[PDB]
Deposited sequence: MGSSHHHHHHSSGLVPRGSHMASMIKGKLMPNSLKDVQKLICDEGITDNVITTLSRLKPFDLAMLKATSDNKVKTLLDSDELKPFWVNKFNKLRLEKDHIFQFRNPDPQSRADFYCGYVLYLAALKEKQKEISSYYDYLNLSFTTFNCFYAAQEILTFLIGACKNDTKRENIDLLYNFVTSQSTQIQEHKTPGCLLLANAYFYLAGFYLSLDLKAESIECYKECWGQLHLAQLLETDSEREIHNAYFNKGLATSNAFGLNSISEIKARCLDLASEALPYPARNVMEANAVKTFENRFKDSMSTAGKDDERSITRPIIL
């Protein structure tokens, strides 16, 4: 039973001393040779008074700039906007670790992905979570499987729109698949509400594109938008055009206008 009470509440005990040592200048050298997983778990799994290791900023700038993509030695991450380099570093490290446990231990795939997403709002943890949930709903197409993915999508929208354009394209992604899920299950009123819902994310990403050059650079590893959407298209206008083209009956002119108005409303107030 103990496993069910303790879910995500265990700091590797190799970090007890560093958390004690922290809660200076010798820390800077203690912190500097934990392996990247342990550093990310220290910031992810500490009292909230130690989590304010947000003075140590040159430490994170050096670690952030050593972040590479194994698949492209040319690529280098750009300033992660509003989020700290510490949080982009630690979220991305935990994301990679989750993929490494992907097929050897699933209970760490969940836990690390959850830490990556919930603690540091890492975009890749969001994209990985959504892809797995969509996969779960591809196989088991029941209405309370779709409703669960739907309910997760709506609860995490606002936090996922902190990545602007990629977040909104990610969110438009989930709504499009939700819409196709409800349709096949003959729940056409809800199929419509997610097609309109997907149009609104597409338009808000559209409004935010010019302010998310760095977000798009990091989100797609400087490869553009092709992998942000199931159509492999390179521009949002191609995404909308193909999308309306598939869902014309669910996206009437006024329907597209309500969502576009609401999308402008969030850009109006919540952004800049």
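No C-alpha positions are given for the deposited-sequence stretches 1-19, 43-46, 78-80, 299-318.
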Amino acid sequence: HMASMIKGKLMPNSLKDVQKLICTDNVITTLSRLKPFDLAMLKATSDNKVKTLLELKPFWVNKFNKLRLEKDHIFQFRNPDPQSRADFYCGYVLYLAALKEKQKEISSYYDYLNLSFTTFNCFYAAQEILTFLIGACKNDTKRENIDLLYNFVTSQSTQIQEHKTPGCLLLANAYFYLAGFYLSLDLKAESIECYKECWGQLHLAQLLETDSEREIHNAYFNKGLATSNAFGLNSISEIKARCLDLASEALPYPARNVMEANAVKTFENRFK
From here on, numbers count along this sequence of modelled residues.
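Looking at 160-168 and 182-190 together, the entry lists the larger mean B-factor for 182-190, computed on C-alpha atoms. When the mean C-alpha temperature factors of 128-136 and 101-109 are read from the deposited coordinates, 101-109 comes out higher. Considering 33, 68, 217, 203 together, the PDB entry gives 33 the largest C-alpha B factor.
Comparing the C-alpha B-factors of 38, 238, 47, 211 in the entry, the top value falls on 47. When all modelled residues of the chain are sorted by CA temperature factor, residue 121 is found within the lowest third.
Sort the chain's modelled residues by C-alpha temperature factor and residue 246 lands in the highest third, per the entry. For residue 146, the recorded CA temperature factor ranks within the highest third of the chain's modelled residues.
Annotation for residue 230: CA B-factor lies in the middle third of the chain's modelled residues.
Residue 28: CA B factor lies in the middle third for its chain, per the PDB record.
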